[PDB]
$ cat final_13.cif   # mmCIF, C-alpha atoms
data_my_file
#
loop_
_atom_site.label_atom_id
_atom_site.label_comp_id
_atom_site.auth_asym_id
_atom_site.auth_seq_id
_atom_site.Cartn_x
_atom_site.Cartn_y
_atom_site.Cartn_z
CA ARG A 1 -4.09 40.74 -37.94
CA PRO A 2 -1.31 38.10 -37.77
CA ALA A 3 -0.63 36.20 -41.00
CA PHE A 4 -1.40 32.91 -39.25
CA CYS A 5 -5.03 34.04 -39.04
CA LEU A 6 -5.27 33.58 -42.82
CA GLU A 7 -4.21 29.90 -42.60
CA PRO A 8 -6.75 27.20 -43.41
CA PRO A 9 -7.47 24.83 -40.46
CA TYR A 10 -4.94 22.05 -40.01
CA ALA A 11 -6.42 18.84 -38.64
CA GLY A 12 -3.05 17.12 -39.08
CA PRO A 13 -2.18 13.43 -39.23
CA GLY A 14 -3.14 12.54 -35.60
CA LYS A 15 -5.91 10.22 -34.40
CA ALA A 16 -7.21 12.36 -31.51
CA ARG A 17 -10.72 13.87 -31.81
CA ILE A 18 -10.41 17.36 -30.35
CA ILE A 19 -12.76 20.20 -31.23
CA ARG A 20 -10.72 23.35 -31.82
CA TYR A 21 -11.38 26.73 -33.44
CA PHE A 22 -9.75 28.58 -36.28
CA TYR A 23 -10.32 32.12 -37.46
CA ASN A 24 -11.98 31.91 -40.87
CA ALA A 25 -10.84 35.17 -42.42
CA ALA A 26 -13.06 34.73 -45.50
CA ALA A 27 -16.15 34.44 -43.27
CA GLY A 28 -14.86 36.96 -40.68
CA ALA A 29 -15.77 34.46 -37.96
CA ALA A 30 -14.46 31.74 -35.68
CA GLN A 31 -15.19 28.21 -36.88
CA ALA A 32 -14.86 24.73 -35.35
CA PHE A 33 -12.72 21.93 -36.74
CA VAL A 34 -11.50 18.52 -35.60
CA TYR A 35 -7.86 18.54 -34.54
CA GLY A 36 -5.94 15.23 -34.47
CA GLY A 37 -3.64 16.12 -31.58
CA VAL A 38 -0.32 16.39 -33.43
CA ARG A 39 1.54 19.03 -35.45
CA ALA A 40 -0.89 21.89 -34.68
CA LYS A 41 -0.45 25.02 -36.74
CA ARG A 42 -1.01 28.46 -35.23
CA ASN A 43 -4.64 29.04 -36.28
CA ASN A 44 -5.82 26.56 -33.67
CA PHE A 45 -7.54 27.62 -30.45
CA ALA A 46 -9.49 26.10 -27.56
CA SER A 47 -12.41 28.50 -28.02
CA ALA A 48 -13.96 30.91 -30.47
CA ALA A 49 -13.10 33.67 -27.97
CA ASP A 50 -9.37 32.85 -28.07
CA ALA A 51 -9.37 32.69 -31.88
CA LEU A 52 -11.12 36.06 -32.11
CA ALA A 53 -8.87 37.73 -29.52
CA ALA A 54 -5.84 36.67 -31.58
CA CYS A 55 -7.25 37.38 -35.04
CA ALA A 56 -9.90 40.11 -34.79
CA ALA A 57 -8.49 42.38 -32.08
CA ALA A 58 -8.46 46.17 -32.13
CA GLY A 59 -5.33 48.06 -33.25
#

$ encode --input "final_13.cif" --output "structure tokens"
Amino acid sequence: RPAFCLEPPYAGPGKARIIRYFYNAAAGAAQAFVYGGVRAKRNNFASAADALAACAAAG
């Protein structure tokens, strides 16, 4: 899987309150976090499905 999938979630310094998903490689599962709307890192998806397609795909 891409290295970015091993990144901890990055809420960032922003004041927005947006539910996003990261791939939690330790858990082997998608997980929700609160994203602040600025300076998103790559392990940051709109849905569990998008996180899993990026980070737990075949091949």

$ resolve_selection --input "final_13.cif" --expression "the PyMOL selection byres ((chain A and resi 18) around 8)" --output "PyMOL selection string"
chain A and resi 16-17+19-20+34-37

$ residues_around --input "final_13.cif" --residues "residue 30 (chain A)" --least-positions-apart "4" --cutoff "9 Å" --atoms "all atoms listed in the file" --output "PyMOL selection string"
chain A and resi 21-25+47-49+51-52

$ atom_distance --input "final_13.cif" --atom1 "CA of residue 59 (chain A)" --atom2 "CA of residue 11 (chain A)"
29.7 Å

$ residues_around --input "final_13.cif" --residues "residue 3 (chain A)" --least-positions-apart "4" --cutoff "12 Å" --atoms "only C-alpha atoms" --output "count of residues only"
10

$ atom_distance --input "final_13.cif" --atom1 "CA of residue 44 (chain A)" --atom2 "CA of residue 31 (chain A)"
10.0 Å

$ atom_distance --input "final_13.cif" --atom1 "CA of residue 6 (chain A)" --atom2 "CA of residue 38 (chain A)"
20.2 Å

$ closest_residue --input "final_13.cif" --among "A:50, A:28, A:39, A:45" --to "residue 15 (chain A)" --atoms "all atoms listed in the file"
A:39

$ closest_residue --input "final_13.cif" --among "A:27, A:13, A:1, A:32" --to "residue 58 (chain A)" --atoms "only C-alpha atoms"
A:1
